[PDB]
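Only one chain comes next, encoded as structure tokens, the form deposited in one PDB entry.
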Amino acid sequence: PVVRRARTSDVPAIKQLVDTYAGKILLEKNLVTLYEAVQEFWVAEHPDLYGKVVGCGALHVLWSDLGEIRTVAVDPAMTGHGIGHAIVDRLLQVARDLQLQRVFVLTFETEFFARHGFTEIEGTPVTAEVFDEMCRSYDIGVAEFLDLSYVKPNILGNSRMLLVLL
């Protein structure tokens, strides 16, 4: 499937994908914060219909060398057609374009991301000096990566996976 960069017109559709997977699975993102993050988002168009989008995804930078894959959602009726994998394949390519070395994921979909080289891990792989700089973030997804105390109850059960690049 075609994986293209998101457009402000795509936000209402993107919002519906995130809301579909609610807050237990995906981290909720309100309408404004999606319009602000539109420049790092990607969407998969339906293989036949030109306009409609069936999947979204975003690469979030966390530091000099570290990136994250977040807010990956596919229409419940379109899963198992390779869409989600087509999104990750491109998201990882832009991670390369960004000269990143490690890509993080916090998810229940261990099997899904495993097919891209992701291995499950424990802890936060950053220096305490770097850890201290990231505590200063206003972004919740960063806090879930740092396993900060005030987001812990929202992410128990999720697995921490990581990918290294050539």
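Only the largest set of C-alpha atoms that superpose within 1.5 Å between the two forms is called the rigid core. All residue numbers are counted from 1 along the displayed sequence. Only residues modelled in both forms are compared.
The form deposited in another entry exists for this protein as well; it is not shown, and the discussion that follows is about that form.
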item	value
Which of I140, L106, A37, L66 is displaced between this form and the one not shown by 2 angstroms or more at its C-alpha, rigid core aligned	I140
Flag for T119, CA shift 2 Å or larger between this form and the one not shown after aligning core	no
Core superposition between this form and the one not shown, C-alpha change of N154 at least 2 Å	yes
Closer or farther in the other entry: C-alpha pair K152, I69 (3 angstroms or more)	closer
Distance trend in the other entry - C-alpha atoms of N154 and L106, change of 3 Å or more	closer
Shared-residue segments moving between this form and the one not shown, Cα shift 2 Å or more over 3+ consecutive positions, core-fitted	124-157
